[PDB]
């Protein structure tokens, strides 16, 4: 039937993930240093590659599974910085798999996944709009559990470094506050903020 990679990326919540190539994982040089970051490295790798396992302990099989999910995530973060990874993520972006910018004046600009930290545990995955260049929380709550470190701080920045032609124009229009047609002067903010501070 299907492969572990194909299963994982298929799960609800894993909509932001692309399918990493076996070539990439089977080349030890690409996974340099990751053995010092995941428990059960040898067995976790085996599960990811659909290789013969080592099952009498029902919870040990679930401990390996976690490590496999963590290692896959950290491989992903490296893989999507490469030409082929970008190529696959770029395909998903052209389909809008990452959702769209909630900013009204961004006019539904498709977004890209970004990590606010490269270390696992610190923050969940956020989304980067290439038009307003700001970072947003996913609207759907299924994406509030995917670790940001599995995408990384530099993915969208690398993508436009590599495919600068895909960078959208700056927004033609801006939000203009009007009250009964009158614009609100900027002194009106300095005056308000004081009233909250002085409070």
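Residue numbers count along the first chain shown, from 1. Think of the rigid core as the biggest set of C-alphas that the two forms share within 1.5 Å after superposition.
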Positional deviation of Cα atoms in 4 other deposited structures of this protein after core superposition, greater for 163 to 171 or 66 to 74: 163 to 171
Of the other entries that cover residues on both sides, do at least a third skip residue 55? yes
Looking at residue 62 and residue 63, the deposited sequence has unmodelled residues in between totalling none
Average Cα temperature factor in the PDB entry - higher stretch of 40 to 48, 168 to 176: 40 to 48
Comparing average C-alpha B factors as deposited, tell me which of 15 to 23 and 179 to 187 sits higher. 179 to 187
By the entry's C-alpha temperature factors, tell me which of 148, 58, 156, 138 sits highest. 58
Looking at the entry's B-factor column for C-alpha atoms only, identify whether residue 115 ranks in the lowest, middle or highest third of its chain. lowest
According to the PDB entry, is the CA B factor of residue 109 in the bottom, middle or top third of its chain, that is, lowest, middle or highest? lowest
Residue 92's Cα B-factor: lowest, middle or highest third of the chain? middle
Thinking about Cα B factors across the chain, which third does residue 70 belong to? middle
Sorting the chain's modelled residues by C-alpha B-factor and splitting them into thirds places residue 126 in the lowest
